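Protein chains in written order, with this note's numbering: chain A, 161 to 359; chain B, 387 to 729; chain C, 4 to 53; chain D, 1112 to 1176; chain E, 609 to 711; chain F, 4 to 200; chain G, 5 to 352; chain H, 127 to 274; chain I, 3 to 51. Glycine residues also receive a C-beta, built at the ideal position from the N, C-alpha and C atoms. What follows is a single structure, written as structure tokens, with notes after it.
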Amino acid sequence: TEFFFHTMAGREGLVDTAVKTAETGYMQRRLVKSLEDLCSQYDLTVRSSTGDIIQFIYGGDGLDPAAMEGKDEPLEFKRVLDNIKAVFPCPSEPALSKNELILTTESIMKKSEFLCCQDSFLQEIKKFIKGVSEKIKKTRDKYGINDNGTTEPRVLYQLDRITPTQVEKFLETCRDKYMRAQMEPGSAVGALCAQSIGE
Amino acid sequence: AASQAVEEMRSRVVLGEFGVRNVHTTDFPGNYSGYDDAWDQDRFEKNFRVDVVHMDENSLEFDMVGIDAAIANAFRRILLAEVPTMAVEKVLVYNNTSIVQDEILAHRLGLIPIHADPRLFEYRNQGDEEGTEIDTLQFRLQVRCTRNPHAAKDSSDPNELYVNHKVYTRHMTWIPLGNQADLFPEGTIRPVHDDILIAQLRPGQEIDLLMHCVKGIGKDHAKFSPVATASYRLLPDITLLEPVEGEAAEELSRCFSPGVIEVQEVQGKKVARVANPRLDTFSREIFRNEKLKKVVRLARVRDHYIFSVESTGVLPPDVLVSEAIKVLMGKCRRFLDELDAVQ
Amino acid sequence: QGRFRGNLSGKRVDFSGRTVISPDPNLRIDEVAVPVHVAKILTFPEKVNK
Amino acid sequence: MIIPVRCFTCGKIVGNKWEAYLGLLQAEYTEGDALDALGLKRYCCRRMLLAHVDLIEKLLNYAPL
Amino acid sequence: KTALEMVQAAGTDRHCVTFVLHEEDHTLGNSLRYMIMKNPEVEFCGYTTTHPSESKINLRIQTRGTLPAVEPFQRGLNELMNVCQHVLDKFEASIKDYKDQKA
Amino acid sequence: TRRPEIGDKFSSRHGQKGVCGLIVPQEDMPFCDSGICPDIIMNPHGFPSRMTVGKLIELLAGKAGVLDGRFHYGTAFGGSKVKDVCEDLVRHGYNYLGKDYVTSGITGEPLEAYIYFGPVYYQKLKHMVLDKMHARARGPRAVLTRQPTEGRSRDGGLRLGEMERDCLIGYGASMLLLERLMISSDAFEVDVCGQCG
Amino acid sequence: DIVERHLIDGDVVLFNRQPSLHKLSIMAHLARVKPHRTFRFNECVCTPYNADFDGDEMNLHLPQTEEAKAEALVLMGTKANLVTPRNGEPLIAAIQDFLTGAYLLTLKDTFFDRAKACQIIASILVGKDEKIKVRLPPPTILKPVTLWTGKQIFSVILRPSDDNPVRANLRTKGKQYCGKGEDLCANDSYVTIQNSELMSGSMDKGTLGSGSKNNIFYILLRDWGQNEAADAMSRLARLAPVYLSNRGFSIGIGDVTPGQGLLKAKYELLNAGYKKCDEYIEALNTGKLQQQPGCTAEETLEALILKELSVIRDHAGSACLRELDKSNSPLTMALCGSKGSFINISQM
Amino acid sequence: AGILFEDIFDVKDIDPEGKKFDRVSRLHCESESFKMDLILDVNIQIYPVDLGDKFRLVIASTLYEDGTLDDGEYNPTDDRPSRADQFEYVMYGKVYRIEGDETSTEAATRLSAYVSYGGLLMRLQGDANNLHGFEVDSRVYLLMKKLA
Amino acid sequence: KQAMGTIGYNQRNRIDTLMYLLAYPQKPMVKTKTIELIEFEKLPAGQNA
RNA sequence: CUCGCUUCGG
Ligand SMILES: Nc1ncnc2c1ncn2[C@@H]1O[C@H](COP(=O)(O)OP(=O)(O)OP(=O)(O)O)C[C@H]1O
Ligand SMILES: [Mg+2]
Ligand SMILES: [Zn+2]
Ligand SMILES: [Zn+2]
């Protein structure tokens, strides 16, 4: 009896797969035949074959889903900052205070190369920098670390250690990742959407 | 203590309930602190020994002590593949009427061992399908099955009705080429087993063919392998952590091989001891007994390899082991000569 | 099997083969092993240059 | 169809031990003790002889002759 | 054409070499690796098979100091040959006296 | 007369259809103490997803049967139980669960884990790589539409279906799509009048 | 002049599985000619094609134009399509017998002497890696015995040579993470890689598989380009099988046999569940059964019976997992996530 | 002397969460001179330890007592007077984490150093004064010697 | 259903459009009673490995 | 050859 019930369940699964294959095949054909015309133009506007505009900017932001590192966010700032700290640990430079970190971030962001970057990404970078500066301030307040750089136990400077070289590397890496995460013009956006929905 | 643990790690291979431990060879220079594991030819020559325990025709068993796993495995693999032998390669067929297909018949004929000594021949050159006296042998197989002129009225059994209805390998006749008749005394060149059933016939059917045998190594094809089974196993050493007596000692005698654990009445009570640890096969049935798990410690001696070499009858196994060692020496010599030529 | 779906949108091609696959871990992820028999059949027109 | 000459795994000559095996079955011997008397220690040759079916005579019953 | 040396890079440093041995397999590779690893001057010895289809092995030798990494190779080959000769002699003696005591 | 090779399909009487991926020499195969080297090495990873305990029980029963010269029964909702074959195995000197101490053929050193050895009834399938292997040159074409024929028996070429075209479009490879669907299949040169069309 | 040459090594060739679902079902590879009769490729690329080596046939097209060949190599290169366009997750990653091999290699139990570690590392020195210095890492334990941990051997894959600029960094939670250790989990399931060195944790599907991000190969692709990721994949596919074969990994009937504690627990759970089901049956049949909201009395009984049966099943599974010992191959393959799960183990 | 840290520890627990690994155990230890808690993974197969054992532990920047920090490579075959001659169990690792104590919300003075000897973890926690000289991405030697 | 093996005792005289035979078929070591009932062991379609 | 039909494979 148990064997018969198990076989019933197995045959249910098999017939489910059998019907699903054909149904999704037809849906895939319809979706691709409808969506294949669209293309991401060089003015960042998705246009149909006839020239009509479907979107003024793809995805509202213009970022590639294939290079989408986070959970529908271009970067995971914590991971990037940790990787920058580990790759370039500068042992000959002092750590930065909250005010120093904010000042150097504001100085770097106002350069020309960051102007072409989208304002939302700059706001997110500012928010993350403010959060990490608050973390640094909380740690130094907890352990009584002085921003003068003369606290006797130097190991206390290893708690939340950030240096201007690391800040510059992190900002340049984030800007480069954002620039390289944009839709390359001419990409077959519609076919990608059709396949990524049908599969 | 720590020294005992290190010694067990570097000398013994312990078999646990779920897995084996200390399987890797570790005695290398710099691996251990208090030991100088640098190569010493004198120490190796002092410690190494070979002891033959059983040797009849087509079967040899011997313990090698002091060698390592790599060299023992090299010897085993050379015996399995790199020892040249004599075997059938070419089959020329004249009117094979048998039910057995021609390709199947040729494959069966190739697997038949040949008693010819491989050292007296040479490898046939690339091409040269005709073959010369030096590097080939010819075997004629001509069997014509026909009804027995005198048989009983019923004769249900095929033996009485028919003659030559079973093509045994004794029907193979050696055909000398050139001066091979003078070099080899009669009866030396022949199929090894003399009783292998090649095919089965019915009256009217005939098998006429010639077989060209050439030298080859088991690496090229398994029909050239001289040894039926060439293997080695590490010598077991079962040890008792605490003295086991009473009926549990009889349980010990039943957990292991029949001949390894012996029970003796020293004071009228049965006490168990390791008699012949060699005979054990490590069925690991001592782990089923919950109480007896923690009283024994199954182990293998790392540098004690019992080699069992069962041959196919081409030549006695001692000559096979000698040829394997000489083949390893020849490989080393070939690469040394290449290195000298480079420099 | 009409012209549009069978002969226009998707059509049969030459210079192609179809074979059973087997694993091979010793190859790089960007490489594929091709049988010698297939390679002798599938040809590439190389233009003679300097 | 017919008994293989060699054992598949180990390679021991097993072709010559077939008909004699049948004799042990023509005698009173069981399968296991007949295999033991034939000298097949490891179970691969025992599988070779025990699981072999002799189709050669059944096919020969359909031979031209 | 059987054994070919290949230096670590275009700089031709003798400390790290790769010997490609043709028509060879794990037999000689493993035996030679064991016999050459016991040389104290070898930091890293290791053999690999390029592909099971082709019969060749790559041994890699990396020494400690300034050894040309060919000297340890030749020394390992010589030690393996001497070991094989000694075991052949000992095995022949064991076979012979076993036969003698049998009769 | 065909010999098994790479690509030949093999089954194991339990739905574990497989392809011969590699043919190693005998010496490279692992060996037990008795000297037995396996014919077929099958991956353990196929078991947990498919839960084919029947194959393991069949292997154990076959090992016991060949050891004691018997034919065990795997009858549905019955057959020989595990306890009896375990008792037969322990009586014959082998491990009561089939797992055996094994020495590595390559390195010559014992394996850290016991290996599950036993006779399994493997059956070869008619699907062979020799019959299935196909390669297509320019070859013949169809009269109606001058495209390569359909089947291997007719020396036909492979087909770029609609989804293959969709994937090529998604990649954006315009030149390769043009070459595949126009140049390499049914390229032609017609004469069109620019006046009447 | 045009010469119709044979397909030689290095030719860009399209390779496809005919049931095509997404664009990664067809890719451009580099052809290498081999004597056998089958199309062979690295198994880490099995997941995009959804191939399983059970007789599946694959198609192979040869572009006949330089422009088409270049487009195939650039746009459809395997190194250029490591991440699916649907959500950016890495598709080409380690698979069964690679997750298991790496998980066993990076376990805290592993300890190698110089010889075994040298052999395992030298297993990768083929092809383009023939021209690099090995850079054997310093041993971890050296005074009593000189031992290399498995994690160092695995980290050799990420950064083999001195001149390799790869410095991979990753910090994530494994499948069996307790949730409180934060790199001090009892199960050692918190993965931490600093400068291409495995500091803590054990490799598994969550970090080496094709599931989602936090994959080490995905980190390599996003930080150091495609070539480093492809080389790491090749080194893993060459190293893990060697160690797994030299170590031995087998499944037996005793690996799935139940213990005495599991039998007793299952018997007690079955008795209790059947008693509760009978009580519910009697409550519905004769009298008033407390009706769950939004459903009839019969549906309430069905829900209660399903709940009790699920209780029996999951408690039996918990008991069997608790009584199972380590090195149990089904349990090991379930922990690293290469194949199966705890539900399959409990069922079988 | 390159000794970054040195103290006598007593084991208070061997495996609080079970016998997880055959060769590796997770010792919990407390110091006598200071309140320095130690979480240390050790290989018991080669260097067995017990619940009541008391051992001297030294974390050193270099293995040579003369102060020569030249540790580009280590040769096991090299024989020379080194610190390891005075100890029984020497491991080599990297101090890969420095984390402040978060249990104390304010006015905290406790730190923790996480050192990974190839996956064998050591958390040395206590007063930040004793941890002076500890830096991330710094390679150290652990030397352990059991006492009577 | 697709297993390769012997067809019958007259498989040699029979001429079919496509026939697959096994060189050395062997009866299974673990045989169901259904195998005995249908006499499958007389015409095996596989080998024990 | 064309066409249909079945049986497969996946
Ligand atoms: N009708 C079909 N359409 C598309 N693909 C198919 C079809 N039939 C088989 N396939 C191919 O075979 C694969 C189906 O295997 P899958 O269903 O995942 O395992 P399975 O056949 O259930 O094996 P188990 O029963 O789980 O051992 C996936 C697909 O590429
Ligand atoms: Mg499939
Ligand atoms: Zn055999
Ligand atoms: Zn006109």
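Do residue 132 of chain F and residue 41 of chain G count as a contact pair if the criterion is CB distance below 8 Å? yes
Would the C-beta of residue 54 of chain G count as close to ligand 1, meaning under 7 Å from any of its heavy atoms? yes
7 Å Cβ shell around residue 189 of chain H - same chain, five flanking residues per side excluded: 208, 209, 210, 267
Look up residue 324 of chain A in the DSSP assignment and give the residues it is bridged to. BP columns for residue 324 of chain A are empty, so no partner.
Nearest chain B C-beta to residue 1158 of chain D closer than 8 Å, yes or no? no
Using 8 Å as the limit for Cβ to Cβ distance, is residue 113 of chain F near chain B? yes
Less than 7 Å between the CB of residue 11 of chain F and some heavy atom of ligand 2, yes or no? no
Mark residue 276 of chain A as exposed unless 16 or more other C-beta atoms lie within 10 angstroms of its C-beta, in which case mark it buried. exposed
Residue interval of the beta strand (DSSP E) (run including residue 648 of chain B): 647-651
Hey, is residue 359 of chain A's beta-carbon within less than 8 Å of any beta-carbon in chain F? no
Just to confirm before moving on: does the CB-CB distance between residue 28 of chain G and residue 52 of chain G stay below 8 Å? yes
Quick one: Cα of residue 189 of chain F to Cα of residue 185 of chain A, how far? 27 Å
Considering only heavy atoms of ligand 1, does any lie closer than 7 Å to the CB of residue 177 of chain A? yes
Could you check how far apart the C-beta atoms of residue 667 of chain B and residue 96 of chain F are, in whole angstroms? I think they sit under 8 Å. 5 Å
Since residue 100 of chain G contacts residue 18 of chain C with CB under 8 Å, what's their CB separation in whole angstroms? With 8 Å as the limit, residue 100 of chain G and residue 18 of chain C do not qualify as a contact, their Cβ atoms being about 35 Å apart.
Closer than 6 Å by C-beta to residue 654 of chain E: which residues in its own chain qualify, once you throw out the five before and the five after it? Chain order, please. 668
Answer yes or no: does any C-beta atom of chain E fall closer than 8 Å to that of residue 244 of chain G? no
For chain A, is any of its Cβ atoms less than 8 Å away from the one on residue 224 of chain H? yes
With DSSP as the reference, label residue 170 of chain H as helix, strand or coil. coil
Following the continuous beta strand (DSSP E) through residue 220 of chain H, name the residue where it begins and the one where it ends. 215-226
Contact test: residue 488 of chain B Cβ vs ligand 2 heavy atom, cutoff 7 Å: no
Quick one: measure Cβ to Cβ for residue 533 of chain B and residue 547 of chain B, integer angstroms, because I've assumed they're closer than 8 Å. 7 Å
Short Cβ contact (8 Å threshold) for residue 276 of chain H with residue 129 of chain H: The structure shown does not extend to residue 276 of chain H, since chain H is modelled only from 127 through 274, so no value can be given for it.
What residue range does the alpha helix (DSSP H) around residue 269 of chain A cover? 258-269
Residue environment, residue 216 of chain A, which counts as buried when at least 16 other CB atoms sit within 10 Å: exposed
Kindly list, in the order they appear in chain E, the residues whose Cβ is closer than 8 Å to that of residue 109 of chain F. 634, 638
Test item: CB-CB of residue 316 of chain A and residue 254 of chain H under 8 Å: yes
Give a yes or no on whether 8 Å exceeds the smallest Cβ distance from residue 38 of chain G to chain C. yes
According to a CB-to-CB cut-off of less than 8 Å, which residues of the region 665-680 of chain B neighbour chain G? none
Run the proximity test for residue 59 of chain G: is its beta-carbon closer than 7 Å to any non-hydrogen atom belonging to ligand 1? no
In whole angstroms, what separates the C-alpha of residue 201 of chain H from that of residue 1123 of chain D? 50 Å
Quick check: what's the CA-CA separation for residue 578 of chain B versus residue 498 of chain B? 8 Å
Closer than 8 Å, CB to CB, is residue 133 of chain F near chain E or not? no
Identify each residue in the region 58-85 of chain F for which the Cβ-Cβ distance to at least one residue of chain G is less than 8 Å, and report them in chain order. 59, 60, 62, 63, 85
So residue 174 of chain H contacts chain B; which residues on that side make the cut at Cβ distance below 9 Å? 387, 388, 391
Chain C contacts from the region 45-58 of chain G (Cβ-Cβ distance under 7 Å): 45, 46, 47, 48, 49, 55, 57
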